[PDB]
Each structure stands twice: as structure tokens, then as C-alpha cells.
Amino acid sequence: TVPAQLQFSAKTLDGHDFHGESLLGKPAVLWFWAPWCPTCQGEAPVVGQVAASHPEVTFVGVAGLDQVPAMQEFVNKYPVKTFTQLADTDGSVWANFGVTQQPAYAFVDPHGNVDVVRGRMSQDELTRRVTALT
């Protein structure tokens, strides 16, 4: 059965429906960010680089604590348009992972195991954690 952590739905920044269950059976990384967060602005290029280097992993940005326009500005300014971005304006996705503050990362292995890391992450650590999922 699906892990309760993946039982959520959301809307992508570009108007598509997203189902957390679509991540079951594959490695995935959810990156929780806020447009106004300087730390997220700094980590954006890093997450984008790791996402590009690991096409086997489904990266999902989860934007919160602001409205769509601010989220679009962030995605336009930093290189993270290559992977799915969720507009979590109602904060339900963050709540589902127990995330109250950004930045944060949720690592999902193919078995559905979920590990949440709160705080910043270097390119090396993200790379190593992503590799561990496979």
C-alpha cells in the first residue's frame, strides 16, 4: 500500500494536477522553498544542477508561504524550471510532511520510505543523498 506521506494532491505552477502517489516506486526528492527566502534562492541553482544530473530521480519543488506571482518570479530567476514545481498556497503539502520552515528536503526511496531533512544542504550532500535512494 502507499505510504501515508504520499497521499496528497496539488497543483503545479503551470496549471497541472499532481498526485503524490505518482512518486511511489521511484526515487524522489521534494524540495520545500519560499520565494522570499535567501537561503532557498542560494540553493536553487544547486537543486537544479543535481536534478539535471540525476534524471532517474523525480525532483519536486514545493513552494509555500507566498502567492503564485512571487513563486513565478523565483522560478524565472533561478534554474529550476526543468522539474515539477508545486504551488502550495494552502500549505497542505508542507503540512503533510511536517514542514513548517524552509528550506527542507524530503527524500523518498523506491520502497516509499520518507526521510525529511530540515535545513540547508550542500551540493555534495544532496548528490550523496540522491545516490543513496537508488
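One rule holds for the numbers: they count along the sequence shown, beginning at 1.
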Practice prompt. Take the C-alpha B-factors listed in the entry for 29 to 37 and for 66 to 74, compute each mean, and give the stretch with the larger one.
Written response: 66 to 74
Discussion item. Per the record, averaged over C-alpha atoms, which has the higher B-factor: 77 to 85 or 52 to 60?
Written reply: 77 to 85
Worksheet item: Sorting the chain's CA B-factors, does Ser122 end up in the lowest, middle or highest third?
Response: middle
Practice prompt. Just say lowest, middle or highest third for the CA B-factor of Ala106 relative to the other modelled residues in its chain.
Written response: lowest
Discussion item. Please place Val47 in the lowest, middle or highest third of its chain according to the CA B-factor in the PDB entry.
Written reply: lowest
Worksheet item: Considering only modelled residues of the same chain, in which third does the CA B-factor of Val99 rank: lowest, middle or highest?
Response: middle
